[PDB]
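Observations on the three-dimensional arrangement
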Amino acid sequence: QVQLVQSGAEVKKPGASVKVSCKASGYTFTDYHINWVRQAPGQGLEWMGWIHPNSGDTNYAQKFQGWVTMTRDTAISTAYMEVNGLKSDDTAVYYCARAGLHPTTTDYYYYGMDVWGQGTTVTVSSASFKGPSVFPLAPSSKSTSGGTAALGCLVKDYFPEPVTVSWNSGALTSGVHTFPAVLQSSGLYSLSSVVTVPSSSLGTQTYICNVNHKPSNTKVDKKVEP
Amino acid sequence: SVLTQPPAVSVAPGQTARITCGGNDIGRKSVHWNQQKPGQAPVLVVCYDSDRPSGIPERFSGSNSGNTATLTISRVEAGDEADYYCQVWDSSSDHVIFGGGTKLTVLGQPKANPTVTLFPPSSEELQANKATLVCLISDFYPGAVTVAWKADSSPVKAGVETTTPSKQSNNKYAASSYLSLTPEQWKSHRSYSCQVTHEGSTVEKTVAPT
């Protein structure tokens, strides 16, 4: 049970600094480098650098040197990564990893990574708790089956998750598709909910999406007209 | 130094997946391979070109020679579906280098084409001095899509936010993409288009301020 225990998710304003921790257990902290790797949402792994807890020696990747700091505290077997001047493109999962793969030859004198921590999410946003704006998505039949139409509600710019959407106070469930939220660069979420209904019903039946964002104590019943 | 990986590899269950990692003189270096499943932290699956750590099935094998290292997964199972990353150390720069990652898709059902629904900004949103185009994508398999937006004839990259695909109740995938504009941008172009590419084919919808 070699394990790295990383600190919890953080939400930071642009310009701030964040200091994430990585505590070793199940082995002797000073025996192995700790590497740091970050991964922006949907993107690949990017190596940030390493620190050797024995000597304190560091190796910063070019892309991160000068605005991040790796440190360690051997008394409590913990390594730290501090990221400064945070911007929205610093939103990422920050991983530590133990360099347990010793070299097998002095030609390739590199200690590779074996055990990874679970990651620390850092989201950089100018977002406070914010209720959404709700807009109608007027009925369209251009990409539904014959005799039906799609209408919806756009739930824009809220924080944090979740937002729930019902239709006609729950009486309408068939043909409802609520799409999971997008998380935007601003650190605000948006989502959409659409229901496919009979086109002949547009003149007679009323359609209301019931939007509830409990974290901001906001509810909206938005009527969606043709 | 750069490691070149193909972005995507698809196989049917039981088949053999081969994932390449190109690099000048990579055969001189020891290549390690990570597997990263959706949402998860990377795990080592191949160490030192061709060894495997404890607990990793022996259908995970690697080779390294010349300018190409290869991860081979025999008798592929659905659980193998993940992003795979090769890694090397570049002594001339003292950098650890990761490949770009390869998404291995395990094809558990036949291809299904995306349905694309595109909504223009609402008049009410425009009155609030904002404009959002909403591009909804549904009923596609495998769950991998790329979305590109155009204004008139030209690509637009500013203001686009796209979700990762997510499973529907019918076990096909859905995603959404949003283009944020100013009301002036919306009103000044002839049209905007959402272009959805899935498995080599594109479905494009277009809306206009008119």
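Residues numbered from 1 in each chain as written, not as in the entry; some residues may be left out. Chains lettered and ligands numbered in written order. Heavy atoms only, no water. Residues with missing side-chain atoms left out of burial classes, pairs and counts.

Method of determination, as annotated in the archive: X-ray crystallography, at 2.004 Å resolution.

**Section: the overall build of chain B**
Along its length, chain B carries two helices and 18 strands. For the C-alpha atoms alone, the extent of chain B along its principal axes is close to 60 × 45 × 25 Å. Taking contacts inside chain B between residues at least 6 apart in sequence as the whole, the part at least 24 apart equals 57%. (Helix = DSSP H or I, 4+ residues; strand = E, 2+ residues; numbered from the N terminus. Contact = heavy atoms within 4.5 Å.)

**Brief notes about the overall build of chain A**
A count of helical and extended segments in chain A gives zero helices and 17 strands. For 226 residues, the compact-globule formula gives about 17 Å, and the C-alpha radius of gyration of chain A, at 24 Å, lies well above that figure. With the principal axes as the frame, chain A shows a C-alpha extent of 80 × 35 × 30 Å. Partitioning the intrachain contacts of chain A with sequence separation of at least 6 by distance along the chain shows that 59% fall at a separation of at least 24. (Rg over C-alpha atoms; globule rule 2.2 N^0.38 Å.)

**Section: the state of the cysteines**
Summed over the entire model, instances satisfying the criterion amount to four disulfides over all chains. Each sulfur of the disulfide joining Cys22 of chain A and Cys96 of chain A lies 2.1 Å from the other. Negative torsions about the S-S bond denote left-handed disulfides, and the value of about 85° found for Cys22 of chain A with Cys96 of chain A makes this one right-handed. In this pair, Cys22 of chain A is assigned in strand β3 (residues 18-25) and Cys96 of chain A in strand β9 (residues 92-98), connecting sequence segments 74 residues apart. A residue is classified by how much of its surface remains accessible, and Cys96 of chain A, at 0% relative accessible area, is buried. Between the sulfur of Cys21 of chain B and that of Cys86 of chain B lies a disulfide, 2.0 Å long from S to S. Torsion about the S-S bond of the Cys21 of chain B and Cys86 of chain B cystine: about 80°, corresponding to right-handed handedness. Taken together, the positions of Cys21 of chain B in strand β2 (residues 17-22) and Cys86 of chain B in strand β7 (residues 82-90) put the pair 65 residues apart, joining distant regions of the chain. Overall, the relative accessible area of 0% leaves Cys21 of chain B in the buried class. Here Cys86 of chain B falls in the buried class, since its relative accessible area comes to 0%. Counting its disulfide-bonded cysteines in sequence order, chain B shows a connectivity of 1-2, 3-4. (Disulfide = S-S within 2.5 Å. Buried < 20%, exposed > 50% of the residue type's maximum accessible area, 1.4 Å probe, protein only.)

**Describing the sheet that holds strand β6 (residues 68-73) of chain B**
All names here are of chain B. Pairing within the open sheet is antiparallel, and its three strands lie in the order β2-β6-β5. The sheet is open, and its two borders are formed by β2 and β5 (60-65), each paired with just one other strand. Averaged over neighbouring strand pairs, the angle between their axes works out to 15° when direction is ignored. Pairing between β5 and β6: six bridges, direction antiparallel. Considered in β6, the bridge of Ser63 is made with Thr70. (Pairing = 2+ DSSP bridges. Axes fitted to C-alpha atoms, helices over the stretch in contact; angles between N-to-C directions.)

**Overview of the interface of chain A and chain B**
Every contact between the two is made by 47 residues of chain A and, on the other side, 44 residues of chain B. The junction of chain A with chain B conceals about 3600 Å² of combined surface from both sides, 63% of it contributed by carbon and sulfur atoms. Among the residues chain A hides against chain B, the three largest losses belong to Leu45, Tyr108 and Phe179 of chain A. Together they make up 17% of the total. The interface formed by chain A and chain B includes one salt bridge. Residue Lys222 of chain A pairs with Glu124 of chain B through a salt bridge whose shortest N-O separation is 2.7 Å. Counting only elements with at least two residues in the side of chain A that touches chain B, the list comes to β4 (34-39), β5 (46-51), β11 (133-140), β12 (148-158), β14 (176-183) and β15 (189-198) of chain A. (Buried area = accessible area lost by both parts, 1.4 Å probe. Salt bridge = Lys/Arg side-chain N within 4 Å of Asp/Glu carboxyl O.)

**Structural notes on the side chain of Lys222 of chain A**
The topology assignment puts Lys222 of chain A in strand β17 (residues 218-223). Only 2.7 Å separates the side chain of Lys222 of chain A from the side chain of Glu124 of chain B, close enough to count as a polar contact. Every residue in contact with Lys222 of chain A, bar those within four places of it in the chain, is listed here: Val134, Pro136, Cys153, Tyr207, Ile208 and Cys209 of chain A together with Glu124 of chain B. (Polar contact = N/O pair within 3.5 Å; in protein donor to acceptor, adjacent residues only side chain to side chain.)

**Points about unusual backbone geometry**
All names here are of chain A. Between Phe159 and the following residue, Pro160, the backbone shows a cis peptide bond with an omega angle of -5°. As for its placement among the helices and strands, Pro160 is situated in the loop between β12 and β13 (164-167). In this chain, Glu161 is followed by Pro162 through a cis amide linkage whose omega measures 0°. By secondary structure assignment, the location of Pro162 is in the loop between β12 and β13. The phi dihedral of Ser77 falls on the positive side, at around 50°, and the residue is not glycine.

**As for the sheet that holds β14 of chain A**
Residue and element names in this part refer to chain A. Pairing is antiparallel in the open sheet, where four strands are placed in the order β11-β12-β15-β14. Because the sheet does not close on itself, it has two edges, and the strands there are β11 and β14. Shown here is a sheet whose adjacent strand axes are inclined to one another by a mean of 15°, direction ignored. Bridge count for β14 against β15 is six bridges, and the pairing is antiparallel. Across the sheet, residue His177 finds its bridge partner in β15, namely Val194.

**Considerations on the domain arrangement of chain B**
Residue and element names in this part refer to chain B. As assigned here, chain B comprises domain 1 (1-108) and domain 2 (109-209). The interface is formed by five residues belonging to domain 1 together with four residues belonging to domain 2. Between domain 1 and domain 2, roughly 330 Å² of surface is buried when both sides are summed, and carbon and sulfur atoms account for 47% of that area. Three residues, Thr105, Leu107 and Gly108, lead the burial of domain 1 against domain 2; their summed loss comes to 73% of the area buried on that side. There are zero salt bridges connecting domain 1 and domain 2. Scanning the region where domain 1 abuts domain 2 turns up two residue pairs in polar contact. In the side of domain 1 that touches domain 2, the residues fall into two nonpolar, two polar and one charged. (Domains from an automatic or database assignment. Nonpolar A, V, L, I, M, F, W, Y, C, P; charged D, E, K, R; others polar.)

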